[PDB]
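Novice: Provide a 3D model corresponding to the input given below.
(9 chains, ligands or ions: 1)
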Amino acid sequence: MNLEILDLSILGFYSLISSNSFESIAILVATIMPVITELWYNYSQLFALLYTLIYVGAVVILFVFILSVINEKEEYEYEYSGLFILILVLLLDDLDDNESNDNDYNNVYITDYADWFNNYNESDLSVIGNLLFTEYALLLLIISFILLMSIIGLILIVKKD
Amino acid sequence: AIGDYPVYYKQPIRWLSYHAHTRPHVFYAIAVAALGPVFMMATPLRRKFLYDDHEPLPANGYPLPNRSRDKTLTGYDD
Amino acid sequence: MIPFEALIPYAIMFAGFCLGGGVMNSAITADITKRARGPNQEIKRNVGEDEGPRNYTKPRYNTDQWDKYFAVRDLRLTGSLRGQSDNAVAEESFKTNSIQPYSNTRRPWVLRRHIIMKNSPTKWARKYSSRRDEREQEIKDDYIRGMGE
Amino acid sequence: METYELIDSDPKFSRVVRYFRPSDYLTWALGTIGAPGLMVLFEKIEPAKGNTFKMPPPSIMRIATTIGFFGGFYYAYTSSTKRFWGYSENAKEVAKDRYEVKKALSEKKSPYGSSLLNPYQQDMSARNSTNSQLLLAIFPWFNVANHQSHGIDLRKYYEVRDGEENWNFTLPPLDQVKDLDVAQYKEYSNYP
Amino acid sequence: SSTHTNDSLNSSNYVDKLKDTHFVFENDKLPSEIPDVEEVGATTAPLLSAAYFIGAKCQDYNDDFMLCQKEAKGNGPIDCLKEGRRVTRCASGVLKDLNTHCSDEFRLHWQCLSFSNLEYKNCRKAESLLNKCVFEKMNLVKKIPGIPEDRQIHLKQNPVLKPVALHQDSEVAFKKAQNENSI
Amino acid sequence: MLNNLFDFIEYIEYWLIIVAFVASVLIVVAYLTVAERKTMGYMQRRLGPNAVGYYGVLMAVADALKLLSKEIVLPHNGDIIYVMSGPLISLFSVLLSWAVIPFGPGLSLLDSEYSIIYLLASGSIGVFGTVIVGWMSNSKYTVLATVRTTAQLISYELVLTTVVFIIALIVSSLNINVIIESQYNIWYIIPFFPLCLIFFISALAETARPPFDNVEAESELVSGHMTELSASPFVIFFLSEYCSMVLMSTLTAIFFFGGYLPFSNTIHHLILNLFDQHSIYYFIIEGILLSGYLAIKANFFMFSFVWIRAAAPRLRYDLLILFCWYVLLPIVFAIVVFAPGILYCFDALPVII
Amino acid sequence: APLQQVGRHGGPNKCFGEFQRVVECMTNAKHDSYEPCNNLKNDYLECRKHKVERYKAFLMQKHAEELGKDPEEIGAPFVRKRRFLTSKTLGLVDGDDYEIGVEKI
Amino acid sequence: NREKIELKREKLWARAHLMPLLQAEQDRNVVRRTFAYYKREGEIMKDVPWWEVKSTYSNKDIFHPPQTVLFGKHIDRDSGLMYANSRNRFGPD
Amino acid sequence: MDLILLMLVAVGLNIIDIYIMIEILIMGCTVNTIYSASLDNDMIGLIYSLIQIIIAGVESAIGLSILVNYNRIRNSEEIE
Ligand SMILES: CCCCCCCCCCCCCCCCCC(=O)OC[C@H](COP(=O)(O)OCCN)OC(=O)CCCCCCCCCCCCCCCCC
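Specialist: Numbers count the residues shown, from 1 in each chain, chains lettered A, B, ... in the order given. Sure, structure below:
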């Protein structure tokens, strides 16, 4: 019983009914959490933790910006919607969940055959660091160049003087 | 000039004294950071005076002998 | 003057760590050792008269892909992921008891069910445009048509 | 197309600087003083403030010289690089390069020199640094490693050219020269 | 490295549930045209204990099998079946000898490894007794290639890293050989 | 029975191990509150709790039970989401962080080569629980605490993360158990004494403990984000905050004092030589000793958490922001360059074994 | 030439060999057109997705359905729960059907 | 750290010596399952005269083991708790 | 349901809600990259995935700063 379906259905229901900005940043948290958990199992545990390390810090900075901008607008603005139409919209979106139309690729399972040739076994993060600092060191240096531009960019935009 | 700000290219030693006294969080953070590359430049001195580098690890797969197969090899046959 | 009443809570906190360490170190070690005795419950539980003193296997940590291969291989030889055996020759059952995991390769559910994340120009083309699938079906059709020759 | 002999497709940083001609230092010096001169020239063309000439402050002159110092060196570095690449007249550089390589070969030493980088890193470093001088105006990147991918054959250093008979250099076979790929994989084919 | 794959057992059953993993068995043996072989029955601990003895005894067959793989140009699994069976029999012979000449020393070593996270640095006392017994009865010596003979870590007198918990059976056996063998 | 019971226990054995593990952490957290009051009392020349249970051993039970028998204050019963979402997220974040804490070699619920990342990532989630309480709240003191809480996170998060990365860089591993075993010959307190002080300062900032107790300053913001909390929401937040104190105290013992490694190797061998390794009694004693070594080191820093509270006044949060960015960050970034330079110079780059 | 298709341990993965043979064919001077390298490109794409092999499996399953063959009579036995890879299924001589321990290795 | 390098070297050579025997066992397993795949395909497609049993790769000089399979009996279908009511793996129950 | 542009309703009616939508959309591409890289056993794709996370984080900081200054300008009299 894939419980990931139920969690996404609940998340999608609140996306259509979210009114204030606080409910929107809560939607973002309710989006990263299914991504991290579904990454923690199945595909990649490494990037599930990397998503938590980086995006959670961004969420707090996002949240503290909301406290400086909320201006009573959505605390009294009315919304109409309707319970019946919201469920109908979510039901129709539930009907089609096939992102690809290659039936053979989606219905036939495959296996891999492991080999003992790799006596030197290390984590994927070490291999990423091996290539990032040697093969693609230019990308790493340009990324630091972009980070430098952001630091200068933030100061000039925000600082009054 | 009992407490003036020294000019770096005229009094380099006095200029360093100003930051060591007024900005300790800057003078000593750079001093610790500088010793990193400094020890890296002293590596050749260690290579000749203390000991040599270790042999590289066999982290490149199975070591295949650089020779043709021995066609005269038998034993443990079917 | 050492106040012993202030040290009473620390002694209980000291016992708190020892409770976790004592239970975890012993129960986990015993469970691994018990399951390494044999493939059936009559050997795991009952200790034979001629059997020697019990040698315990401690929990394994800091593993890699090679240890995952070893654990499956040990399962097919002893019925335990950490079973013990130094036999020179394996049983005949080891030849044909290999385990091969077959699984689907579909995208994560969040990628194809999130109300926002699933929408992109390429994802719509994959989901609603037959241009990619019609062309790729030619390769599948070429396979059968090239048999008779 | 004005083409000359290829010396080194990825010349080392020290090799490029050593092979500087007197004109290369001249262009380096002109770049160093040109940038302060341009600030003087710009003020003469149109003063920064007012209608009369006003010398730029010495703080501007100091930073302008530093910018010109790196700008002049980069220009000189590019000019010397083309001689290794063969895009420019390099008969002086060819003769000097051949003498150094033959001397190293006669000593059973690699012309490229010993390296701290393993076989993968030496090849990786060459890929990053090769032809990087084409973007030297955008951002710097230099060959500061002793790799063996220089786009030349050491066989061409065995043939004797005019003016080299008196060099009296004896060249052993390449398989007996240390730190060469053809003289490392003796025991294992995957380990040097 | 605990990265999930499609080639072996994953970390938890939740990974299997998301992947819908099927653990598939095959009931067919190798075809009769391929000669049958006796598979090695040693588990992880005995194999790690005898790793350097298999290499010393079966070095030429290990190299020949691996040289067959490289010279097969992608057809290694099929072409090198004959070379594979030589390695399996040679490796089995080493384990058979260890069970007939050095069984007490062999079992003491790999049981220490099971007791100490399968780490070589934590069973030097048991390994030293095993290495001495194998040499005196099989003329096989553990050797670590690429380094000078006296700079081998298993022969180091005072290692920086030592086991936290001593193995009592190893300690008793080591003392029984110190006083008796070296009078 | 008998046969059907002797395998039922085996079927449920590992759930008992987890339940015992949960009880082990809760007992330390429960009596840390009692220990803190007792420790501050004698330093302040009072006694601390000694009249709730024999010599005060039931003080933690009374405080928890009384609050669990208190009315929950909320605008409506259906508003149980608002005042419980915050504390539950904070509690789950710190409890999940304990999964990668090894009481012995391999004695951790979660073992992975990325345990360090999981530890830092799980702790960052707990910050989101604190800011949830200030959800367009009508309480002005709750709102002011949320602003201060975000400011403190910006202070310690960069400093705390980089210090842990230096220790991981020294061992070239992000596995906590590998870091513990790497300290057999030297405890990292000696080579990295500045980092241990920096780590402890960041630990105080992370837990909002004095002198960095700006989130819950009684003389500034009555109770901070907990001013509107009562009964169970207060307990869960109170439990989570003290669970972080134990966790950070245990982390300090792991990163710089060898974790569970014995104080003296000779004494460890002598005690274990009194027990037979063929019996389970050896491994019961071994777990007590190894965790006892961790407990003694962890109790010292839990003592130090109380010790600094009773000896230092509170520092303003804006001063804390300048403290981390101007002082702590340059120092830690300097060390992250200094350390590889030393290791490469002497041909001692770390590998995992 | 930049590295592509690098395995999780720093070496070539399963499909690098197919990719390498494609590059060698395309960059070889003896060829006049890229037609001889077309078959090598299909193999590399087959290595990653196995789309043709999955299609072949689709035909075999569909063909057996019209013939009335039961899937369990011509298929391969499988186990869905890892804790139930019992020693009886593995064929051990004294194999029991009790579940195996997969909680903590 | 310098001892860890020597310890790392000892571990790497120990795995290198065990590699040929472990891979030889694995090679036979792959060959055994490769033949089992084509035997299953041959039985299913025997009534089709024009069907050719072969891999989906044009390079016949490179060994490509099939990575698909057709699912048969569900051995642990009847399994409950603490015990697998395992069905017969070799033939009908 | 996607072709009728249903996602335009799931996005809230605030400027910061547009920012959240962009982060989710970019995150979907990164998840897809991890999905492909993990199946292929290709660390190059994981290098791409890490770059996409770092680059997207830079984008959020720049956009927030513009939005911070934009909100500052309206409440910028500060006569008090
Ligand atoms: C984690 C355990 C402890 C937290 C449990 C709280 C459960 C509440 C629902 C959790 C979020 C599920 C997905 C919904 C997305 C966010 C929508 C939202 O704003 O929160 C729902 C909450 C319900 O109240 P309601 O009145 O119906 O909504 C307002 C109607 N104008 O309306 C509110 O605004 C109240 C918000 C309270 C604070 C919630 C902050 C977000 C919590 C996220 C943590 C869990 C991560 C997501 C897990 C489920 C993913 C689908």
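Novice: Where do the helices of the chain begin and end?
Specialist: Answering for chain A, as no chain was given. Assigned helices in chain A, in chain order: A:3-17, A:21-38, A:45-66, A:73-76, A:83-95, A:103-107, A:124-134, A:137-158 (criterion: DSSP state H).
Novice: sorry, should have said chain H
Specialist: Assigned by DSSP H, the helices in chain H fall at H:2-44.
Novice: now chain G
Specialist: G:16-26, G:38-49, G:51-66, G:71-74.
Novice: and what of chain E?
Specialist: E:13-19, E:44-49, E:51-57, E:59-71, E:76-79, E:81-100, E:103-115, E:124-138, E:168-181.
Novice: The fourth one near chain B anywhere?
Specialist: Yes. Counting by C-beta under 8 Å from any C-beta of the partner chain, chain B has neighbours in helix E:59-71: E:60, E:61, E:63, E:64, E:66, E:67, E:68, E:70, E:71. Using the backbone N, CA and C atoms, a C-beta is placed for each residue, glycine as well.
Novice: Quick one: those residues as JSON lines, columns for distance to chain G too.
Specialist: Below are those laid out as JSON lines (distance: C-beta to the nearest C-beta, whole Å):
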{"residue": "E:60", "distance to chain G": "26"}
{"residue": "E:61", "distance to chain G": "24"}
{"residue": "E:63", "distance to chain G": "20"}
{"residue": "E:64", "distance to chain G": "23"}
{"residue": "E:66", "distance to chain G": "15"}
{"residue": "E:67", "distance to chain G": "18"}
{"residue": "E:68", "distance to chain G": "17"}
{"residue": "E:70", "distance to chain G": "13"}
{"residue": "E:71", "distance to chain G": "15"}
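Novice: In ChimeraX, select just the buried ones from these.
Specialist: Buried members of the residues of helix E:59-71 next to chain B, defined by 16 or more other C-beta atoms under 10 Å in any protein chain shown, are picked up in ChimeraX with:
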select /E:61,63,64,66,67,68
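Novice: Just give me the closest of the residues of helix E:59-71 next to chain B to chain H.
Specialist: Comparing those against chain H with C-beta to the nearest C-beta places residue E:66 closest, at 5.9 Å.
Novice: Run through the residues that contact the nearest residue to that closest one once chain neighbours are set aside.
Specialist: The spatial neighbour of residue E:66 that comes closest, neighbours along the chain excluded (C-beta to C-beta, 6 or more residues apart in numbering or on different chains), is residue B:62 at 5.3 Å. Applying C-beta atoms under 8 Å, 6 or more residues apart in numbering or on different chains to residue B:62 gives the contacts A:117, A:119, D:190, E:66, H:16, H:19, H:20.
Novice: Farthest-apart pair in the residues you listed, please.
Specialist: Farthest apart among the contacts of residue B:62 by C-beta to C-beta are D:190 and H:20. That separation is 15.2 Å.
Novice: how close does the closest residue to chain A within chain D sit to chain I?
Specialist: Relative to chain A, the nearest point of chain D is residue D:124 (5.0 Å; C-beta to the nearest C-beta). For residue D:124, the distance to chain I equals 14 Å [C-beta to the nearest C-beta, to the nearest Å].
Novice: surely that residue meets residue A:135?
Specialist: Yes. Assessed by C-beta atoms under 8 Å, residue D:124 is found in contact with residue A:135 at 6.0 Å.
Novice: Would you point out which residue of chain I is nearest the ligand?
Specialist: The minimum distance from chain I to the ligand, using C-beta to the nearest ligand atom, falls at residue I:12 (10.6 Å).
Novice: give me every residue that touches that residue.
Specialist: A:18, A:19, A:21, A:23, A:24, A:27, I:20.
Novice: Other residues contacting stretch D:50-59?
Specialist: Defining contact as C-beta under 8 Å, 6+ apart, one finds that stretch D:50-59 is touched by D:39, D:40, D:43, D:44, D:47, D:48, D:64.
Novice: hmm, try it at 7 Å
Specialist: D:39, D:43, D:44, D:47 (C-beta atoms under 7 Å, 6 or more residues apart in numbering or on different chains).
Novice: first to last residue in that stretch, what's the distance?
Specialist: 20 Å (C-alpha to C-alpha, to the nearest Å).
Novice: just the contacts of residue I:12 that are near chain F?
Specialist: Checked against chain F using C-beta under 7 Å from any C-beta of the partner chain, the contacts of residue I:12 give no members in range.
Novice: Next one: residue B:20 from residue C:95, what distance?
Specialist: 76 Å (C-beta to C-beta, to the nearest Å).
Novice: So which bits of chain E are right by chain A?
Specialist: E:1, E:3, E:4, E:5, E:6, E:7, E:8, E:14, E:15, E:18, E:19, E:22.
Novice: which residues touch the residue found closest to the fifth one once you drop the neighbours it is linked to in the chain?
Specialist: Once its chain neighbours are removed from consideration, residue E:6 has its nearest residue in residue A:112; the separation is 4.4 Å (C-beta to C-beta, 6+ apart). When contacts are counted by C-beta under 7 Å, 6+ apart, residue A:112 is found next to E:5, E:6, E:7, G:14, H:67.
Novice: Just give the closest residue to whichever residue of chain C sits closest to chain B, not the sequence neighbours.
Specialist: Residue nearest to chain B within chain C: residue C:64 (13.0 Å; C-beta to the nearest C-beta). Using C-beta to C-beta, 6+ apart and skipping residues adjacent in sequence, the residue nearest residue C:64 is residue A:121, 3.8 Å away.
Novice: Any idea which residue is closest to the centre of the chain?
Specialist: Let's take chain A. The residue lying closest to the centre of chain A (C-alpha atoms, centre = their mean) is residue A:32, at 4.3 Å.
Novice: wrong one, I was asking about chain E
Specialist: Nearest to the geometric centre of chain E sits residue E:47, at 2.5 Å (C-alpha atoms, centre = their mean).
Novice: Is it correct that that residue is in contact with residue H:17?
Specialist: No. Between residue E:47 and residue H:17 there is no contact under C-beta atoms under 7 Å: 9.7 Å.
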